[PDB]
Amino acid sequence: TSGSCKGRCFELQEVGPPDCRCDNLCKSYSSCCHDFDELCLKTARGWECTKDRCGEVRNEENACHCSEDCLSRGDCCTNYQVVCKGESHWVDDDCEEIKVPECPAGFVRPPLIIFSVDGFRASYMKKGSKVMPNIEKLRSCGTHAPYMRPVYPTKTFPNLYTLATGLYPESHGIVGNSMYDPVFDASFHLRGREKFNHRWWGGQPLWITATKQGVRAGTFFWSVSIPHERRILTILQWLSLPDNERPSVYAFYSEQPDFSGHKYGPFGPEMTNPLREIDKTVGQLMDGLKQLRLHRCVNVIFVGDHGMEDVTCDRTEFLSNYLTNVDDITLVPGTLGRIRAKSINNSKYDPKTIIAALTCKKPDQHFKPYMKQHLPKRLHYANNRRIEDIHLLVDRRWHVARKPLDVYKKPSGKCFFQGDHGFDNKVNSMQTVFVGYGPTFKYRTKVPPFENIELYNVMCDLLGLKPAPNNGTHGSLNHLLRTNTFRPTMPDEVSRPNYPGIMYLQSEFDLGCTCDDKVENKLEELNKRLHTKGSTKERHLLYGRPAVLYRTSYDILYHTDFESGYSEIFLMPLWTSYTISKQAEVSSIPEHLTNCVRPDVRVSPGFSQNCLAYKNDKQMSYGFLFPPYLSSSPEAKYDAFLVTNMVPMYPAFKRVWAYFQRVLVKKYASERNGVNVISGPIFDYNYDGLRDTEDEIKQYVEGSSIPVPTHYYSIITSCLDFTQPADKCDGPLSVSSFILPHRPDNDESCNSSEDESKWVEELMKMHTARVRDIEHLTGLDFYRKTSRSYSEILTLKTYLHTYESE
Ligand SMILES: *[C@@H]1O[C@H](CO)[C@@H](O[C@@H]2O[C@H](CO)[C@@H](O[C@H]3O[C@H](CO[C@H]4O[C@H](CO[C@H]5O[C@H](CO)[C@@H](O)[C@H](O)[C@@H]5O)[C@@H](O)[C@H](O[C@H]5O[C@H](CO)[C@@H](O)[C@H](O)[C@@H]5O[C@H]5O[C@H](CO)[C@@H](O)[C@H](O)[C@@H]5O)[C@@H]4O)[C@@H](O)[C@H](O[C@H]4O[C@H](CO)[C@@H](O)[C@H](O)[C@@H]4O[C@H]4O[C@H](CO)[C@@H](O)[C@H](O)[C@@H]4O)[C@@H]3O)[C@H](O)[C@H]2NC(C)=O)[C@H](O)[C@H]1NC(C)=O
Ligand SMILES: CC(=O)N1CCN(c2ccc3ncn(Cc4cn(Cc5ccc(Cl)c(Cl)c5)nn4)c(=O)c3c2)CC1
Ligand SMILES: [Ca+2]
Ligand SMILES: [Ca+2]
Ligand SMILES: [K+]
Ligand code: NA
Ligand SMILES: [Zn+2]
């Protein structure tokens with residue numbers, strides 16, 4: 001329909017029907033005015049000034065200009081000043097520190113330009129260095145990480161929309177490049193028009209955050225047919241608008257190197273040219289900023305969405321080789337698998353039978369099936385109706401597909417892809433890049449790897465915006481910035497602990513427990529009282545007690561070897577803290593104590609567990625949070641069998657936990673020069689990543705009010721300088737943590753019939769976690785009392801130990 005784009009090319013506000021459009025998305029909607037190509041997508045004479053064009057008479061048909069008036073008009077070719085005025089390319093200038101923003105009059109804040117590169121694997125920064133001089137200059141002179149961790153799945157739209165919102169895909173709704181929503185009864189795909197509907201896109205992306213707070217934002221999407229040179233010239237033209245019209249935040253997107261990486265693999269020889277071409281585009285941007293005198297004013301972020309792995313058609317697993325009944329299912333295929341019933345509302349579809357048929361069926365099987373609530377909690381990939389209940393985690397370098405005909409297409413089955421991405425976000429080949437350059441970033445600074453969920457807060461800081469609620473930890477990336485506008489502070493403690501003394505006689509308890517503890521001095525009786533009053537607490541609680549950030553009733557319980565915060569509501573510790581030195585010795589549970597459980601005279605019978613419930617529950621056993629194997633003396637070992645240290649455990653899980661406690665804790669103390677361990681239960685029955693309230697618990701020990709944890713955590717801290725013992729550390733800390741699923745079987749571990757030394761540690765590594773993940777799941781706040789700055793502690797809480805090689 002009708003109108004003209006004269007005077008309207010790349011207008012910022014999109015016009016409503018029936019009026020035709022002239023903005024940078026009108027092509028995607030087939031809604032541009034008929035003269036949009038003619039007026040807005042000029043190409044005559046290409047994108048570069050030449051010597052013979054210098055000072056030309058302006059010819060408006062040209063793609064860009066070399067006329068004397070072009071700087072005033074804002075539409076010079078980006079190399080105009082170099083060719084026509086003797087200037088140097090930005091890449092050829094020495095790095096010079098940008099201590100303060102150097103901006104033209106009228107600029108109220110440094111603009112932010114986000115330059116996103118699809119499929120830019122982290123190791124391209126080294127491996128492609130010789131063909132990317134502009135990017136290497138941004139990297140070396142600005143602030144860079146060795147790599148940036150994407151979100152799972154490591155696909156384009158989930159990651160770019162995470163970058164824009166600070167949200168996990170399960171929260172922002174873009175949970176794959178393909179998705180089916182069972183309420184909409186509709187599917188979203190990379191290609192097509194359904195993804196234009198705003199019903200798919202949740203959260204608050206940066207451009208909306210900025211607009212609501214009075215900061216103008218350019219579009220972050222681009223029509224694919226608009227060439228990169230024209231995207232750069234358009235951004236530079238917008239930067240020349242009047243102050244009251246000019247955006248403060250801009251986004252450039254490149255479909256390369258991903259497009260070629262799929263065809264040629266991550267390091268195919270064909271990949272050098274796409275890297276060269278992206279570098280040239282960065283140079284056009286920087287040259288263009290330098291002409292506008294903005295190159296020491298704007299903050300530039302150069303960021304990718306995910307990496308790229310070697311993947312070929314022949315490395316495909318077929319569900320038809322496992323399932324007799326493969327026509328009953330629908331599979332979202334590829335570098336991940338998502339399975340649902342082919343016929344919705346079909347009652348003759350059993351996910352349990354499908355999982356079983358996919359579990360450990362072939363020795364080198366290259367995927368593992370999970371119910372989504374059992375996936376590693378670090379993936380945060382379950383709380384959305386668009387995530388199917390059955391998930392297949394696929395090994396790097398592989399695909400999964402339903403049937404052979406899906407992969408080998410007629411005529412005879414040629415392949416024609418060599419790279420893909422989508423795998424587990426800890427996989428090295430999926431890691432991507434981050435560089436920040438400009439006045440607000442630091443100068444020539446390396447920062448440790450971090451997660452892309454953290455960047456929304458930083459981008460808000462760079463623009464003076466208050467971030468919408470999101471999954472970043474605001475302050476954890478303050479060390480990226482020269483000038484911080486956000487001062488993080490610790491959350492206030494909500495519940496204060498009770499400190500019970502001895503209040504109950506043994507005969508008040510009727511727990512059905514027994515212990516052979518009658519066995520057998522004024523000197524060591526005082527010592528025992530001192531321990532129960534907290535005399536060793538500075539050894540075992542090294543970073544202060546955790547703060548409880550919700551309303552509850554709990555008790556602090558001191559012992560010689562461990563301290564705990566015991567919930568009178570959940571009838572078990574929320575946390576148990578203990579230090580094991582490098583010199584600590586492992587001992588057995590003595591024979592006469594195998595089934596010992598002891599009432600705790602500090603805690604009322606009515607707020608205790610009972611052994612009868614465990615006897616009656618034929619599926620459920622128990623373990624201990626402070627391990628009896630690591631008692632400091634035979635006398636202290638009796639403390640470990642208190643009813644207040646006991647937690648419900650399936651026998652299958654006790655194999656995992658006992659090996660962790662008996663073998664692995666001491667191994668870590670040996671390797672790290674002592675460790676401090678905080679362990680506890682987690683209840684997440686609705687798999688939202690957040691601590692359950694008591695009325696959300698779906699399973700109890702039979703006949704009791706003892707709730708069954710869905711997971712058990714541990715946080716294992718030591719001195720970053722391992723020449724210092726964990727309990728006498730002067731400097732920064734080192735942490736690894738896990739959130740183990742509390743499962744009644746070890747079907748996840750295909751080698752679980754072997755000795756635990758052959759599979760338990762592999763399981764724990766898969767379920768590695770950030771301290772922050774545990775905080776969300778428990779409502780606790782750790783590291784309250786250290787000598788370290790709070791921003792440093794926030795970085796520490798977001799650390800993930802991934803167990804990949806370098
Ligand atoms: C990562 O960070 C995120 C962000 O902080 C965390 O997610 C948040 O988690 C909280 C707690 O679960 C949740 O709380 C509230 O949700 C209900 C309101 O939801 C709707 O409005 C939200 C706010 O919108 C406004 O502000 C935003 C700024 O962020 C703007 O973008 C908006 O335009 C608007 O101005 C909105 O964000 C939310 O969006 C969800 O739903 C959309 C439509 O389906 C979808 O498009 C989004 O993608 C998003 O979907 C996610 O979240 C929903 C849950 O909201 C999931 O189901 C999805 O699967 C997906 O994960 C909505 O449009 C509010 O009603 C809730 O209050 C009830 O429950 C609380 C306690 O839980 C109780 O105290 C109340 O009394 C109330 O109870 C009553 O209702 C319930 C039914 O809900 C009923 O059973 C009961 O009997 C009562 O009658 C609750 O306060 C946030 O919504 C959520 N935000 C987002 C963006 O996901 C996340 O936890 C964190 N992750 C981790 C691991 O830390
Ligand atoms: C949320 C919202 O406001 N919506 C829904 C999306 N609607 C839409 C309309 C026209 C479109 N034209 C072309 N393309 C290709 C394309 C991909 N990318 C990379 C990129 C950049 C930023 C993000 Cl956040 C992400 Cl996920 C991915 N940039 N452009 C689009 O996807 C497209 C989408 C616009 C209105
Ligand atoms: Ca991508
Ligand atoms: Ca929960
Ligand atoms: K039992
Ligand atoms: Na097994
Ligand atoms: Zn791709």
# chains A, B, ... in the order shown; residues from 1 in each chain; ligands from 1

$ residues_around --residues "segment 792-794 of chain A" --least-positions-apart "4" --cutoff "12 Å" --atoms "only C-alpha atoms" --output "PyMOL selection string"
chain A and resi 447-448+450+454+472-480+487-490+543+731-735+770-772+775+781-788+798-799

$ residues_near_ligand --ligand "ligand 7" --cutoff "10 Å" --atoms "only C-alpha atoms and all ligand atoms" --output "PyMOL selection string"
chain A and resi 118-120+154-157+177+255-263+305-308+419-422

$ write_last_selection --atoms "C-alpha atoms" --output "PDB file, in the first residue's frame"
ATOM      1  CA  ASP A 118      26.790 -14.940  15.370  1.00  0.00           C
ATOM      2  CA  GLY A 119      28.845 -18.106  15.864  1.00  0.00           C
ATOM      3  CA  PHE A 120      32.034 -16.322  16.943  1.00  0.00           C
ATOM      4  CA  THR A 154      23.709 -22.617  22.721  1.00  0.00           C
ATOM      5  CA  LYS A 155      21.515 -21.420  19.842  1.00  0.00           C
ATOM      6  CA  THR A 156      21.185 -17.934  18.349  1.00  0.00           C
ATOM      7  CA  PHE A 157      17.823 -16.582  19.424  1.00  0.00           C
ATOM      8  CA  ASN A 177      15.564 -21.627  17.738  1.00  0.00           C
ATOM      9  CA  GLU A 255      25.095 -13.417  10.658  1.00  0.00           C
ATOM     10  CA  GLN A 256      28.780 -14.348  10.094  1.00  0.00           C
ATOM     11  CA  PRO A 257      30.842 -16.230  10.944  1.00  0.00           C
ATOM     12  CA  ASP A 258      27.991 -18.635  11.899  1.00  0.00           C
ATOM     13  CA  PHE A 259      26.650 -18.862   8.318  1.00  0.00           C
ATOM     14  CA  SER A 260      29.954 -20.083   6.921  1.00  0.00           C
ATOM     15  CA  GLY A 261      30.821 -22.093  10.068  1.00  0.00           C
ATOM     16  CA  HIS A 262      27.788 -24.309   9.463  1.00  0.00           C
ATOM     17  CA  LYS A 263      28.939 -25.016   5.895  1.00  0.00           C
ATOM     18  CA  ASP A 305      26.100 -15.502  21.005  1.00  0.00           C
ATOM     19  CA  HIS A 306      27.783 -18.962  20.921  1.00  0.00           C
ATOM     20  CA  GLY A 307      30.659 -20.872  19.322  1.00  0.00           C
ATOM     21  CA  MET A 308      30.701 -23.607  16.680  1.00  0.00           C
ATOM     22  CA  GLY A 419      29.518 -27.293  11.838  1.00  0.00           C
ATOM     23  CA  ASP A 420      26.745 -26.830  14.382  1.00  0.00           C
ATOM     24  CA  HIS A 421      26.150 -25.518  17.877  1.00  0.00           C
ATOM     25  CA  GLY A 422      23.484 -25.995  20.563  1.00  0.00           C
TER      26      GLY A 422
END

$ residues_around --residues "residue 510 of chain A" --least-positions-apart "3" --cutoff "10 Å" --atoms "only C-alpha atoms" --output "PyMOL selection string"
chain A and resi 506-507+513+599+605-606+610-612

$ atom_distance --atom1 "atom CA of residue 92 of chain A" --atom2 "atom CA of residue 56 of chain A"
26.5 Å

$ select_by_dssp --residues "segment 505-752 of chain A" --states "helix (DSSP H, G or I)" --output "ChimeraX atom specification"
/A:506-508,522-532,537-540,591-593,605-607,611-616,628-630,634-641,643-645,651-672,694-696,726-728

$ write_last_selection --atoms "C-alpha atoms" --output "PDB file, in the first residue's frame"
ATOM      1  CA  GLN A 506      16.834 -38.308  76.983  1.00  0.00           C
ATOM      2  CA  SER A 507      13.660 -39.978  78.208  1.00  0.00           C
ATOM      3  CA  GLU A 508      11.511 -37.214  76.668  1.00  0.00           C
ATOM      4  CA  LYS A 522      36.759 -32.906  84.754  1.00  0.00           C
ATOM      5  CA  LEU A 523      39.423 -31.704  82.266  1.00  0.00           C
ATOM      6  CA  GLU A 524      37.704 -32.866  79.054  1.00  0.00           C
ATOM      7  CA  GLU A 525      34.169 -32.132  80.315  1.00  0.00           C
ATOM      8  CA  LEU A 526      34.818 -28.371  80.199  1.00  0.00           C
ATOM      9  CA  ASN A 527      36.312 -28.786  76.700  1.00  0.00           C
ATOM     10  CA  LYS A 528      33.087 -30.530  75.563  1.00  0.00           C
ATOM     11  CA  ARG A 529      30.898 -27.710  76.916  1.00  0.00           C
ATOM     12  CA  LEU A 530      33.135 -25.128  75.241  1.00  0.00           C
ATOM     13  CA  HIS A 531      32.709 -26.917  71.891  1.00  0.00           C
ATOM     14  CA  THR A 532      28.908 -27.006  72.210  1.00  0.00           C
ATOM     15  CA  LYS A 537      33.285 -22.155  65.361  1.00  0.00           C
ATOM     16  CA  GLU A 538      35.977 -19.891  63.891  1.00  0.00           C
ATOM     17  CA  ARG A 539      37.702 -22.976  62.436  1.00  0.00           C
ATOM     18  CA  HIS A 540      34.561 -24.466  60.894  1.00  0.00           C
ATOM     19  CA  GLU A 591      31.154 -51.443  64.010  1.00  0.00           C
ATOM     20  CA  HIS A 592      29.206 -50.771  67.181  1.00  0.00           C
ATOM     21  CA  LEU A 593      27.995 -47.433  65.717  1.00  0.00           C
ATOM     22  CA  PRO A 605      11.282 -34.172  70.286  1.00  0.00           C
ATOM     23  CA  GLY A 606       8.517 -32.393  68.337  1.00  0.00           C
ATOM     24  CA  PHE A 607      11.055 -30.714  66.064  1.00  0.00           C
ATOM     25  CA  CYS A 611      14.107 -43.423  63.066  1.00  0.00           C
ATOM     26  CA  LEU A 612      10.808 -45.309  62.967  1.00  0.00           C
ATOM     27  CA  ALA A 613       9.754 -43.440  59.831  1.00  0.00           C
ATOM     28  CA  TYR A 614      12.965 -44.549  58.086  1.00  0.00           C
ATOM     29  CA  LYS A 615      12.384 -48.161  59.179  1.00  0.00           C
ATOM     30  CA  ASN A 616       8.811 -48.093  57.871  1.00  0.00           C
ATOM     31  CA  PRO A 628      31.281 -39.345  60.516  1.00  0.00           C
ATOM     32  CA  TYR A 629      34.334 -40.446  58.525  1.00  0.00           C
ATOM     33  CA  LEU A 630      35.961 -37.068  59.130  1.00  0.00           C
ATOM     34  CA  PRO A 634      36.470 -41.017  68.520  1.00  0.00           C
ATOM     35  CA  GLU A 635      34.655 -38.906  71.086  1.00  0.00           C
ATOM     36  CA  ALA A 636      33.732 -36.158  68.616  1.00  0.00           C
ATOM     37  CA  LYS A 637      32.447 -38.808  66.187  1.00  0.00           C
ATOM     38  CA  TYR A 638      29.357 -39.293  68.393  1.00  0.00           C
ATOM     39  CA  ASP A 639      28.238 -35.763  67.441  1.00  0.00           C
ATOM     40  CA  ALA A 640      27.986 -36.849  63.818  1.00  0.00           C
ATOM     41  CA  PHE A 641      25.224 -39.324  64.643  1.00  0.00           C
ATOM     42  CA  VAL A 643      19.341 -36.843  64.776  1.00  0.00           C
ATOM     43  CA  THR A 644      19.890 -33.187  63.895  1.00  0.00           C
ATOM     44  CA  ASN A 645      22.691 -34.107  61.395  1.00  0.00           C
ATOM     45  CA  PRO A 651      20.040 -46.034  48.998  1.00  0.00           C
ATOM     46  CA  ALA A 652      21.077 -45.376  45.406  1.00  0.00           C
ATOM     47  CA  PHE A 653      22.035 -41.801  46.290  1.00  0.00           C
ATOM     48  CA  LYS A 654      23.841 -42.921  49.434  1.00  0.00           C
ATOM     49  CA  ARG A 655      26.385 -44.594  47.108  1.00  0.00           C
ATOM     50  CA  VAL A 656      27.148 -41.179  45.662  1.00  0.00           C
ATOM     51  CA  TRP A 657      27.107 -39.280  48.945  1.00  0.00           C
ATOM     52  CA  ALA A 658      29.248 -41.780  50.892  1.00  0.00           C
ATOM     53  CA  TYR A 659      31.931 -41.779  48.223  1.00  0.00           C
ATOM     54  CA  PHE A 660      31.936 -37.962  48.199  1.00  0.00           C
ATOM     55  CA  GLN A 661      32.235 -37.852  51.990  1.00  0.00           C
ATOM     56  CA  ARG A 662      34.673 -40.746  52.545  1.00  0.00           C
ATOM     57  CA  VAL A 663      36.995 -40.279  49.547  1.00  0.00           C
ATOM     58  CA  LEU A 664      36.464 -36.983  47.753  1.00  0.00           C
ATOM     59  CA  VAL A 665      36.383 -34.439  50.575  1.00  0.00           C
ATOM     60  CA  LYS A 666      39.767 -35.628  51.813  1.00  0.00           C
ATOM     61  CA  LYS A 667      41.117 -35.664  48.264  1.00  0.00           C
ATOM     62  CA  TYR A 668      40.089 -32.039  47.805  1.00  0.00           C
ATOM     63  CA  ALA A 669      41.636 -31.100  51.176  1.00  0.00           C
ATOM     64  CA  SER A 670      44.893 -32.721  50.025  1.00  0.00           C
ATOM     65  CA  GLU A 671      44.868 -30.987  46.629  1.00  0.00           C
ATOM     66  CA  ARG A 672      43.698 -27.537  47.787  1.00  0.00           C
ATOM     67  CA  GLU A 694       6.761 -25.952  52.867  1.00  0.00           C
ATOM     68  CA  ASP A 695       3.440 -26.233  51.083  1.00  0.00           C
ATOM     69  CA  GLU A 696       5.155 -27.050  47.749  1.00  0.00           C
ATOM     70  CA  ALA A 726      42.027 -22.822  53.850  1.00  0.00           C
ATOM     71  CA  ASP A 727      41.665 -21.801  57.484  1.00  0.00           C
ATOM     72  CA  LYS A 728      44.524 -19.272  57.387  1.00  0.00           C
TER      73      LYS A 728
END

$ closest_residue --among "A:460, A:413, A:482, A:467" --to "residue 101 of chain A" --atoms "only C-alpha atoms"
A:482

$ residues_near_ligand --ligand "ligand 4" --cutoff "10 Å" --atoms "only C-alpha atoms and all ligand atoms" --output "number ranges by chain"
A: 383, 682-693, 696-697, 710, 776-778

$ closest_residue --among "A:171, A:751, A:254, A:335" --to "ligand 3" --atoms "only C-alpha atoms and all ligand atoms"
A:254

$ residues_around --residues "segment 330-333 of chain A" --least-positions-apart "3" --cutoff "7 Å" --atoms "only C-alpha atoms" --output "list in words"
residues 336, 337, 338, 339, 340, 341, 342, 400, 401 and 402 of chain A

$ residues_around --residues "residue 319 of chain A" --least-positions-apart "5" --cutoff "12 Å" --atoms "only C-alpha atoms" --output "count of residues only"
34

$ closest_residue --among "A:440, A:609, A:30, A:24" --to "residue 220 of chain A" --atoms "only C-alpha atoms"
A:24

$ closest_atom_pairs --of "chain A" --to "ligand 5" --cutoff "6 Å" --atoms "only C-alpha atoms and all ligand atoms" --output "JSON lines"
{"residue": "A:614", "atom": "CA", "partner": "ligand 5", "partner_atom_place_in_ligand_line": "1 (K)", "distance": 4.3}
{"residue": "A:615", "atom": "CA", "partner": "ligand 5", "partner_atom_place_in_ligand_line": "1 (K)", "distance": 4.6}
{"residue": "A:617", "atom": "CA", "partner": "ligand 5", "partner_atom_place_in_ligand_line": "1 (K)", "distance": 4.5}
{"residue": "A:618", "atom": "CA", "partner": "ligand 5", "partner_atom_place_in_ligand_line": "1 (K)", "distance": 4.3}
{"residue": "A:619", "atom": "CA", "partner": "ligand 5", "partner_atom_place_in_ligand_line": "1 (K)", "distance": 5.5}
{"residue": "A:620", "atom": "CA", "partner": "ligand 5", "partner_atom_place_in_ligand_line": "1 (K)", "distance": 4.3}
{"residue": "A:621", "atom": "CA", "partner": "ligand 5", "partner_atom_place_in_ligand_line": "1 (K)", "distance": 4.3}

$ write_last_selection --atoms "N, CA and C atoms" --output "short mmCIF file (atom, residue, chain, number, x, y, z; two decimals), in the first residue's frame"
data_model
loop_
_atom_site.label_atom_id
_atom_site.label_comp_id
_atom_site.auth_asym_id
_atom_site.auth_seq_id
_atom_site.Cartn_x
_atom_site.Cartn_y
_atom_site.Cartn_z
N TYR A 614 12.02 -43.93 59.01
CA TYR A 614 12.96 -44.55 58.09
C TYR A 614 12.84 -46.08 58.06
N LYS A 615 12.56 -46.72 59.20
CA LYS A 615 12.38 -48.16 59.18
C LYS A 615 11.17 -48.53 58.36
N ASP A 617 9.63 -46.78 55.97
CA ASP A 617 9.72 -46.39 54.57
C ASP A 617 10.73 -47.30 53.89
N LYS A 618 10.22 -48.25 53.08
CA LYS A 618 11.08 -49.26 52.50
C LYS A 618 11.91 -48.73 51.34
N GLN A 619 11.58 -47.55 50.82
CA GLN A 619 12.36 -46.94 49.75
C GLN A 619 13.41 -45.97 50.27
N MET A 620 13.23 -45.43 51.47
CA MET A 620 14.00 -44.29 51.92
C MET A 620 14.89 -44.69 53.08
N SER A 621 16.18 -44.36 52.98
CA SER A 621 17.19 -44.49 54.04
C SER A 621 17.61 -43.08 54.50
#

$ select_by_dssp --residues "segment 606-745 of chain A" --states "strand (DSSP E)" --output "PyMOL selection string"
chain A and resi 621-624+646-649+675-682+711-719+733-741

$ residues_near_ligand --ligand "ligand 6" --cutoff "10 Å" --atoms "only C-alpha atoms and all ligand atoms" --output "MDAnalysis selection string"
chainID A and resid 359:360 652 745:754 759

$ write_last_selection --atoms "C-alpha atoms" --output "compact mmCIF listing (two decimals), in the first residue's frame"
# COMPACT_ATOMS: atom_id res chain seq x y z
CA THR A 359 18.81 -45.13 28.64
CA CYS A 360 22.27 -46.74 28.34
CA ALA A 652 21.08 -45.38 45.41
CA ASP A 745 18.32 -44.83 40.99
CA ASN A 746 21.64 -44.18 39.24
CA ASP A 747 20.25 -44.56 35.72
CA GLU A 748 21.96 -41.26 34.79
CA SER A 749 25.36 -42.97 35.31
CA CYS A 750 25.72 -45.76 32.76
CA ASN A 751 28.78 -47.17 34.56
CA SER A 752 27.11 -47.17 37.98
CA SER A 753 27.39 -50.94 38.36
CA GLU A 754 31.15 -50.41 38.77
CA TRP A 759 31.57 -42.92 38.05

$ residues_near_ligand --ligand "ligand 1" --cutoff "7 Å" --atoms "only C-alpha atoms and all ligand atoms" --output "MDAnalysis selection string"
chainID A and resid 167:168 170:173 199:204 380 383:385 468:471 688:690 776

$ atom_distance --atom1 "atom CA of residue 502 of chain A" --atom2 "atom CA of residue 567 of chain A"
17.2 Å

$ closest_residue --among "A:494, A:561, A:463, A:26" --to "residue 225 of chain A" --atoms "only C-alpha atoms"
A:26

$ residues_near_ligand --ligand "ligand 2" --cutoff "9 Å" --atoms "only C-alpha atoms and all ligand atoms" --output "VMD selection string"
chain A and resid 24 to 29 116 to 118 156 to 165 174 190 to 191 193 to 202 205 to 208 219 to 224 251 to 255

$ decode --residues "segment 673-684 of chain A" --atoms "N, CA and C atoms" --output "mmCIF file, in the first residue's frame"
data_model
loop_
_atom_site.group_PDB
_atom_site.id
_atom_site.type_symbol
_atom_site.label_atom_id
_atom_site.label_comp_id
_atom_site.auth_asym_id
_atom_site.auth_seq_id
_atom_site.Cartn_x
_atom_site.Cartn_y
_atom_site.Cartn_z
ATOM 1 N N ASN A 673 44.986 -27.729 49.870
ATOM 2 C CA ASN A 673 45.544 -27.311 51.169
ATOM 3 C C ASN A 673 44.407 -26.978 52.135
ATOM 4 N N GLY A 674 43.572 -27.991 52.352
ATOM 5 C CA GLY A 674 42.433 -27.775 53.224
ATOM 6 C C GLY A 674 41.246 -27.257 52.438
ATOM 7 N N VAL A 675 40.049 -27.643 52.875
ATOM 8 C CA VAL A 675 38.824 -27.081 52.317
ATOM 9 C C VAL A 675 37.830 -26.795 53.430
ATOM 10 N N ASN A 676 36.996 -25.770 53.211
ATOM 11 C CA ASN A 676 35.814 -25.563 54.013
ATOM 12 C C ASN A 676 34.625 -26.045 53.192
ATOM 13 N N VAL A 677 33.759 -26.845 53.790
ATOM 14 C CA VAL A 677 32.619 -27.461 53.113
ATOM 15 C C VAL A 677 31.345 -26.965 53.756
ATOM 16 N N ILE A 678 30.411 -26.438 52.951
ATOM 17 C CA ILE A 678 29.046 -26.222 53.459
ATOM 18 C C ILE A 678 28.116 -27.096 52.633
ATOM 19 N N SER A 679 27.363 -27.993 53.309
ATOM 20 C CA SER A 679 26.460 -28.925 52.632
ATOM 21 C C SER A 679 25.048 -28.715 53.155
ATOM 22 N N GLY A 680 24.084 -29.160 52.350
ATOM 23 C CA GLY A 680 22.702 -29.028 52.749
ATOM 24 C C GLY A 680 21.717 -29.623 51.752
ATOM 25 N N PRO A 681 20.427 -29.648 52.127
ATOM 26 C CA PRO A 681 19.355 -30.097 51.224
ATOM 27 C C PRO A 681 18.868 -28.931 50.367
ATOM 28 N N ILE A 682 18.224 -29.293 49.255
ATOM 29 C CA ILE A 682 17.457 -28.352 48.429
ATOM 30 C C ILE A 682 16.118 -29.009 48.120
ATOM 31 N N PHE A 683 15.060 -28.192 48.113
ATOM 32 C CA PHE A 683 13.717 -28.633 47.744
ATOM 33 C C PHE A 683 13.275 -27.758 46.579
ATOM 34 N N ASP A 684 13.218 -28.364 45.391
ATOM 35 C CA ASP A 684 12.700 -27.646 44.227
ATOM 36 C C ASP A 684 11.721 -28.509 43.427
#
